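The next block holds one structure in the form of structure tokens; read it before the comments.
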Amino acid sequence: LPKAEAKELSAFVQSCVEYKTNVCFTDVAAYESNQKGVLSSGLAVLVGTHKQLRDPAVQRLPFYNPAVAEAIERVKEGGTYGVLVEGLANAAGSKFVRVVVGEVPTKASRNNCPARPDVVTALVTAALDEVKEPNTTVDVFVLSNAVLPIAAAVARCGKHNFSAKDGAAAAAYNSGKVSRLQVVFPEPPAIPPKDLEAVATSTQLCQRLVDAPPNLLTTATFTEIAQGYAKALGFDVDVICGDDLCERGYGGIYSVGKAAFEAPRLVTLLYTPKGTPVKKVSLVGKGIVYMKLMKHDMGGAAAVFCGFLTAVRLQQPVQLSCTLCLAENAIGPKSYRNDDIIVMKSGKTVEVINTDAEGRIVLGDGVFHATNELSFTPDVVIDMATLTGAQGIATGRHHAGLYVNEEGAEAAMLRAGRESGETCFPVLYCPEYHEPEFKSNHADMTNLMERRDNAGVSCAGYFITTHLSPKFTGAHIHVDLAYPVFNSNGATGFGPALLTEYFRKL
Amino acid sequence: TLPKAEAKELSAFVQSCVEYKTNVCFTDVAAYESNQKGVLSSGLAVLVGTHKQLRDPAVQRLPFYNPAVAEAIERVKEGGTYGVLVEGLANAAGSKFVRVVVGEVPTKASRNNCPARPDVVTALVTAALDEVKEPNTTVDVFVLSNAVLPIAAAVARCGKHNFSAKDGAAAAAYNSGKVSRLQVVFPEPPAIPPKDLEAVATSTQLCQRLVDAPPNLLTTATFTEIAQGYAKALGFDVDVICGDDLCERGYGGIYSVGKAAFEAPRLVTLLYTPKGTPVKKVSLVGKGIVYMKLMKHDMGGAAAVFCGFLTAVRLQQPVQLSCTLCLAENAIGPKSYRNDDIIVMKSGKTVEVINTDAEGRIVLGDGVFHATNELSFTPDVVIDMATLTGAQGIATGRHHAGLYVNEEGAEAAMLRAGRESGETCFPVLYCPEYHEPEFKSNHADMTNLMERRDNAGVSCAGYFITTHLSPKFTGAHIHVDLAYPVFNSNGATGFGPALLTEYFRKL
Amino acid sequence: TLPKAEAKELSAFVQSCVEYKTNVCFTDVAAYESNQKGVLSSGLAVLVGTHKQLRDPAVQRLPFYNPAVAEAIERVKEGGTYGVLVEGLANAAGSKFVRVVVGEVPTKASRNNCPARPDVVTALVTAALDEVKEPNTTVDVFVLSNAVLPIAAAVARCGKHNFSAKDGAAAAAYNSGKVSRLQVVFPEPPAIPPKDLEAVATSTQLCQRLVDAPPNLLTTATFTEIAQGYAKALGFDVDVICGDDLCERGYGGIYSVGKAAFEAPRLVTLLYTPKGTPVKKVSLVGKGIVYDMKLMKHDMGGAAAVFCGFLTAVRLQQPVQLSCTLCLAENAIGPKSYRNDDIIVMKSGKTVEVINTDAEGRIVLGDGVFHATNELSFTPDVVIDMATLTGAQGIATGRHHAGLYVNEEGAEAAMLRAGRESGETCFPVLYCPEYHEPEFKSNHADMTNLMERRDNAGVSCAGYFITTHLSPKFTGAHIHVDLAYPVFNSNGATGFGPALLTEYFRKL
Amino acid sequence: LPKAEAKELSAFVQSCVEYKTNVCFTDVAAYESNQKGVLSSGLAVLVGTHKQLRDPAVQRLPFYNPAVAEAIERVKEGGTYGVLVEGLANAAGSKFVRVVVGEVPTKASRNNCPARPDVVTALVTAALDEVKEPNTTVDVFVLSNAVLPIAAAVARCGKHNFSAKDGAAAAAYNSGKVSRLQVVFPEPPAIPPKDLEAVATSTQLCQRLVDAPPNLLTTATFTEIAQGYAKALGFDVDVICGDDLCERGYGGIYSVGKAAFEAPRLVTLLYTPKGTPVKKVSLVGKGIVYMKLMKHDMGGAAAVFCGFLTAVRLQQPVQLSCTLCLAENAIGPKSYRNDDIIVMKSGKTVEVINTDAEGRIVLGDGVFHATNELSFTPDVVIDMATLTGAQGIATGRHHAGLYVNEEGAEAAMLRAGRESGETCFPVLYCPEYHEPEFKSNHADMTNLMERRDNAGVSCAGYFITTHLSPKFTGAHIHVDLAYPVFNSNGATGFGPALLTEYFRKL
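Right under this line is the structure:
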């Protein structure tokens, strides 16, 4: 409401709408041709496996010398090792060039991405810590040709584009500490550079949205951001807002977000490709403003949003909806209480046993909307949410939990996680055992399982499935990504690339 | 050591376990018409099947059928029971009336469940038996499913338990006098012979008995004596590494955990070699600790492997087997293992004891090293079973044991066995590269407890155990966390043995 | 629009505070013999001193002395009281008996304590006053110590509190009718004049009133009105930055904390410039939060302390140039409220990641100290911030000693000296910024508002947080006073703080 | 009791009794003279302040070259920066020498050591993480002349001498991962090298004792260790053991340790210097075997023990006793309970309100013993213990809390902390306010304060003072070092060097 808050929020919106990646992509031969051996700056990174680093091709790289060779002997698996090279030609004027070597492990379980982009990210992040002038371009030579996972890994790495440090609040929270990164693959990448940029951009935008505090990213600013992208890329945007949610029967999302300063919203984005589509897919994302899980609770909405943008920018031949379930879970006079009975959009009634379990209610309305109210009926519904603490206990910090009603779709999403690096793992799909945990005396169901130690991740997924439209007969993929959205440095931008890869193999 | 009255009681308990015979027998409709000539075994009869099965024309031809039973079939609810009286129906007891209880089994079954839904079968029969006046009757249980293994275990599990301390049963070696003899009547002669199904049911019930038993009756000593009793009776080998020998021979894990207790810790290994050439060499390792209300059923894993072993011997399955019971009493005392102890495990690796609550995995570490390094053979497959983590319930729930497995193939096979047997399982994340860092220790090779509890808890405990496998072992390792599936609100379920029996069948 | 009845009540409460006059006066034995000619003020008299002081020949010469009083002196316990009746002793109330209560003060006093032990003095007089008959009486309190400032504050603190809502006092603007007038009688004419000691005692008791008062009476609005009332009455300046102006003018800390409340947050700055050339330029900053374990009851302690210390300075015309900035905000649960994970742009320009909304006090103070050190007509030589800030304070320095986090040995020593002299004792906590700073690492903001590890000098770290928001224009001594526990005891507020400041100002 | 446990314990005892430091000390000129410019190995460390690193003297060091200069520019404050130097002469046969530069801050509060040995330790630790082979000697060039604090700082740093990793349990838990470190000061050190070695040795032994788990360091093995040092250095040792404690009236330590497998012990060591002593000092140390504080609970006993050893080895002119209060706090049939009333050795009775507060009881007997039962009466009593969680809340992780009955002794111990780097800070000394917290209905006192938020560190100190002998009229210094004894790598060996420096300035 105050003039100063509004100026700040508009500026934040614009920063998101206009966000451009700091990463570019090329290959060794094209690099020799365009830069003619002259390093982009006083810092260069070389990243690969023990074996890859020893390949004869490496000796032919423009920064190679006997010190770099020694760096390769001395570096530890999963570690870095830096050397100075005197009088190596570079576009900055630097008497020395720093070359940081990083060794990626080859060890990778059957549930992991063989290229180990998790370590790639860590290695580059460590290398960039030795940067003191930030307005430079750092050449990152990677010896893997797994272009999609490497792109997302590098996009994720280092200092984040969202920052409030050292006066950055006056610059719309755009960090001035980020380095431009030029990724140099060995071979011309199987996915074109402009496309990889789009992927990286989405990873970073997703990261931005999740890193952003709730006083900047609100249900209102998120909506404005979506609208900005809709006008810029020419897709459709529908907004069902505040008291319209109540009037139109969306009792779940309405009751959850009803007491807040900013009104709850169901924001649906529509993309129809030029051709005949390979699949019709609906994305549903949870975005709550309220355990330091709460910091990253936009993860799901941000993920589906950014996955959607990538699909539009790459013109993927998938017909897509993206429904953002946006609500501010506020303590107030008009707020939903324990013991409220809600009439969901699906027509089913929900006894609110516990107000802490709001996410699934909001998602219930979301998935019903996606499966019942759009101009098409999807073949696949993917819901993504930072939903349960149980997720971490079950599948851990690197693997999102999958609750899926069909072996085939589950396998495909697992495959995509392994290819993209945004790994997943299944949780028990057994509705006959989940259902009884929601018995209610007076409503069709409760919102919270009676016993917390009876497949917690699965049960939350089950709840959501009860609100799918009868008109939907396809594959439903529930993605609990409570933990994979973040690490000790903040948001990871997990989700979008998983989706992009999933879409590619339809 | 012990008072004369305690020792008499413990011997009698040992004998009750060693001599335990199942209350269940198995036949089929045609054999039943032949042997009983339409006369019911008693004043109660149970009919159990799916909505469709119950409506099959064969059902009308059953000896207890009448228009009231037909009405029962119309009125019964899915997953429920409905009982009717039939006047003057011939029966070997009594009995002016016969009670016929109809139970409807659902057909709904997810891809991770057993299609026959033996979970409901158990519940239905349990409910029906609640209307029994007199015990020491035989109740005919007519089942319409031909899934004989899962039904056998399901009926074995059901109803009143053979272990009891109620109404003076303590003076009868804790053998319940409230159990009914049950005669299961399949539609067709069973694909697995009756004597074999009895063996399976017996193991389910013995396992149940061992887990139901309180820790003042089932001790590291009485469990060992029970194993020895079975060894003498069925002719298999038994090795016992006991107390201070554990320390001298380098088993620092199990030694330090159980060292302060009244009864000494023990590593009890059983050996079975079949007559022929074996299809596989398998080693079973089971955790058996005496210490929220998970602790009541903390013998679940040791009991499971023990009873699975017994079934293999009784059925003469063509598998070469070891069964190592890791038995220790986790006691508070003067000589006890503390927080911050560093233990030298049998594997040679050192373990920093961050938390004494996480003892189960240490004990198992010694167990799996023993099995993979110290026996007359090297196993192709190691299966460890334990009631290990609360996380298991959160992850896979109350009906599915969590599987941490190092090989897709073995995992798929054990899942298949769970689905066939009814003792269902589900996988947890196998990703050692991410589990390992959770056990970083300043001074030892590893800690015994993960730094962060919310990073795949079931998996990490499994990982810990794998670090103690012998380098000689290059096969499939299956870790089974069955903390919750071993029990329900009625006590022990006897989960585990039948899973193993079915897994062994399809090797 | 509050209801008509609430507004009447609140105006009356404001007036009670603005017009508050102490119940204590001060004289000496010789001036007493001269004015009262041996006639006791009333049917109760108190005699308070050390084991040795009580036995001094001067004592026998006091007008209430008799052999029963002597026997009281023998029988009384250290730290205890012992009362005797004296029949027919002359007194102005026309009472058949006079009650004489003797109290023995210990001489034991550690190097970190006030040697006069005013803590016990307070307790002794409190006990004595429990035997009071009539409520309109003056009770002569004969003290055998000449430590006038600490004794003045000790007596001001003692007994029944001027704030009361018992027995219909709500209809009398919460002015207790159970308080006795107290006449303190020193052995020698006091080194500080009586009219000055009255001003001290008044500030102690006003501070006590402000802290005792519940949050439905003392609000950000009524506290501001009270300050304004004192400004019109004593002729000092008052600046008020209020509500949405706080946001517009960049005070993001105090604005975000108090933003969802019924009553708007306020930064209230008072200005006093003495007639002469000042010995020091000092800025006081005080935290005053209303929440919307039982530390919360007394959470105005810091704002009240600095406010009352300021008033004493104006009334005594101390030669110090003073600002007093009250950081007033209601921490309310609501639709428009600041959340966990918010990033705030402080007035200092530094950004703060709100890890925990419970740690609001330091944020509000951050804006306060920046305002004081950057936005005023002068730049202070010394900044003193006072707050009921951490539970850690009690664990570290205890119930009687406020924790000092100070950037300069000299200023610390002086404030300690003032505590020991005034009786409002302090003790230092670790000053080590190089070790405090890493506890506030934030991924996205300049700092968090809460230390990563609670067991790494908790009182110090909160102090450190506050220092990060000092203006670069400031190069002087900063004294952070964590008084979470010394502001109260089992009877309510203690009025701790003002007298400490007054004594600190005296020795500049 | 088993043969294998006893073999292991004897070997552990021996490892402690015979422990020799891995650190040696010299200076630049003596180094040029002995090594003639040839580095000790393939790794060299240079550590100093921003200003010190830029001094002209630095360019004259044998490893200097333009890459090292560039390292000096690029390094961050509190950080390290490593470069390879090709073909620099070194005694190992190494084609390259790694030179790691570390920048020490000059920022230091009035309560800190100006040389910032805390950062020195961290810098050297980081540098040694790049060591290829162990059993090399690493030259550590320091630009500070604060020899005592640098000595302890380097002693503390890197991989610890106690280890159970990778088969070290079969080598009496002597790590094989440690490097020999040669510290090279600019000027010949004001304290001789052999003396600095004794200091470093004590720091590391103390570290060893505290790192050691309770199944290795027991009341019995610690006693055997003390006895081993007594035979070797020729000082006296008195042991009051088990049921003798009860018979001789030590009811505190007896009742605490009475139920354990190993008997409680009061172990007193006696050292009398050749001359007339400058002071008579009694050390008392708490050593309990029993939430992540419990790991390092020998800290106090280990500290006084090792401080004592340094005094004997340096022949400091101080008459010393060192009383180790050793007890195993066990759950058992014969154990001390809540609500027990104990008759302390001092004659005062203690109501055991809470068994968790055992440390102070044990110390009460210790200080009475020291002040009443020895051949001399001390002028100063110093008790050291890992006593309260409150300590961390009050004075933090780097500063031990001092509860002292005399301004002069307090100031001197603070001065020693600042000089030695083993920093301290005072807690409130106010007995008139501590005493009432211990009111007991039936005993002279309770063992635990009624209110936990009334100067917790101070109150525990007060309790201990009540058991001082009336014969004693000197300075009492209580040192609560619950937190400074450890960091994320284990024990710090905090305490001994503080004492040594304190003794130097008497």
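In order, the protein sequences belong to chains B, H, G and F.
Read in order, the letters of the first sequence correspond to residues 4 to 293, 306 to 521 in full-length UniProt numbering.
Read in order, the letters of the second sequence correspond to residues 3 to 293, 306 to 521 in full-length UniProt numbering.
Read in order, the letters of the third sequence correspond to residues 3 to 294, 306 to 521 in full-length UniProt numbering.
Read in order, the letters of the fourth sequence correspond to residues 4 to 293, 306 to 521 in full-length UniProt numbering.
The C-beta atom is built at its ideal place from N, Cα and C for all residues, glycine as well.
- Judged by DSSP secondary structure, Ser336 (chain G) falls outside any alpha helix (DSSP H) and instead within the beta strand (DSSP E) spanning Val333 to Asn344.
- Boundaries of the alpha helix (DSSP H) around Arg211 (chain H): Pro196 to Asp214.
- Legend: CB atoms of the region 323-351 of chain G lying less than 9 Å from CB atoms of chain B belong to residues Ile346, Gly347, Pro348, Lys349, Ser350 and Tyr351.
- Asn456 (chain G) is a Cβ neighbour of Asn504 (chain B), given a cutoff of 9 Å.
- In the three-state scheme derived from DSSP, where H, G and I count as helix and E and B as strand, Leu496 (chain F) is classed as coil.
- Nearest CB-CB separation between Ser473 (chain B) and chain H: below the 9 Å threshold.
- When Cβ-Cβ separations below 9 Å define contact, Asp468 (chain F) makes contact with chain G.
- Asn114 (chain B) is a Cβ neighbour of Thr438 (chain B), given a cutoff of 9 Å.
- Setting aside the 5 residues that flank it on each side, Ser205 (chain F) is surrounded in the same chain by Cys321, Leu324, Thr325 and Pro511, each with a C-beta closer than 6 Å to its C-beta; the list follows chain order.
- Boundaries of the alpha helix (DSSP H) harbouring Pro120 (chain H): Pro120 to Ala130, taken from the DSSP string.
- For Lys310 (chain F), the closest C-alpha among the options F:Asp394, F:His493, F:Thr507 and F:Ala118 is that of F:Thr507.
- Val287 (chain H) and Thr338 (chain H) have their C-alpha atoms roughly 5 Å apart.
- For the pair of segments examined, the region 350-360 of chain B was found not to touch the region 15-27 of chain H: the number of CB pairs separated by less than 8 Å stays below three.
- According to DSSP, residue pairing for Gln185 (chain B) in a beta bridge involves B:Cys27 and B:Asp142.
- With a 10 Å radius around the Cβ and a threshold of 16 neighbouring Cβ atoms, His53 (chain F) comes out exposed.
- Per DSSP, reduced to three states, the secondary structure at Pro65 (chain B) is coil, with no helix or strand assignment.
- At a beta-carbon threshold of 8 Å, none of the residues of chain G lie near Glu437 (chain F); the nearest stands roughly 14 Å away.
- Against chain F, the beta carbon of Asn353 (chain H) has neighbours under 8 Å at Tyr293, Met309 and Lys310, listed in chain order.
- One thing to note: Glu343 (chain B) has its Cβ within 9 Å of the Cβ of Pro217 (chain B).
- About 13 Å separates the CB atoms of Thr224 (chain H) and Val242 (chain H); that is not less than 8 Å, and the two are not in contact.
- Counting only Cβ-Cβ distances below 7 Å, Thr364 (chain H) has contacts in chain F at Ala167, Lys168 and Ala172, in chain order.
- For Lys289 (chain F), the enclosing beta strand (DSSP E) begins and ends at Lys282 to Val292.
- In the three-state scheme derived from DSSP, where H, G and I count as helix and E and B as strand, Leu4 (chain F) is classed as coil.
- Residues of the region 121-139 of chain B that bring their beta carbon within less than 8 Å of a beta carbon in chain F comprise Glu133 and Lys135, in sequence order.
- The region 267-287 of chain F makes contact with the region 390-399 of chain F: 3 or more CB pairs, one atom from each, lie closer than 8 Å.
- Per DSSP, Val102 (chain H) is not a residue of any alpha helix (DSSP H); the beta strand (DSSP E) it occupies stretches across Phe99 to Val107.
- Scanning its chain for C-beta atoms nearer than 7 Å, with the 5 sequence neighbours on each side dropped, one finds around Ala431 (chain H) the residues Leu513, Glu516, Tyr517 and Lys520, in chain order.
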